[PDB]
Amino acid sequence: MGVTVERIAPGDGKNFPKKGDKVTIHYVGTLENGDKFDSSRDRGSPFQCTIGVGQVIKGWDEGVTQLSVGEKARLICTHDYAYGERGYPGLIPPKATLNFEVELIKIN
């Protein structure tokens, strides 16, 4: 049903990213078969972006807002909350479900 949050280790229960917030977030991205396509942890570098304003995939906009600082989780994004029917040429096959193991490090 779109984006689903599989909770692994809990956040602080208080600080949740809101629309327009900057988040600092480690992620490991895998395709529906288990193969990694991207990883901020292999670059030793958490990613930073603005949540809820249309700049990341829908699964992150509707999914990262459900986490609190410190939390580990998996966002399971079906293709309509990711790269859709065409996919991402070279990287993401069409209609793919994507699986992001994420850790929310900080909100601003």
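Each residue number is its position in the shown sequence, starting from 1.
*Asks:* Can you work out whether the C-alpha temperature factor of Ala96 puts it in the lowest, middle or highest third of the chain?
*Replies:* Middle third, going by the recorded CA B-factors of the chain.
*Asks:* Taking the values exactly as deposited, rank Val102 by C-alpha B-factor within its chain and report the matching third: lowest, middle or highest.
*Replies:* For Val102, whose C-alpha B-factor we compare with every modelled residue in the chain, the answer is the lowest third.
*Asks:* For the chain shown, is the CA B-factor of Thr50 in the lowest, middle or highest third of its modelled residues?
*Replies:* Its C-alpha B-factor, which the entry lists for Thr50, ranks in the highest third among residues of this chain.
*Asks:* Using the B-factors in the PDB entry, rank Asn33's C-alpha atom against the chain and give the third, lowest, middle or highest.
*Replies:* CA B-factor rank for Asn33: middle third.
*Asks:* When the deposited Cα B-factors of this chain's modelled residues are ordered and cut into thirds, is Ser68 in the lowest, the middle or the highest one?
*Replies:* For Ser68, the deposited C-alpha B-factor lands in the highest third.
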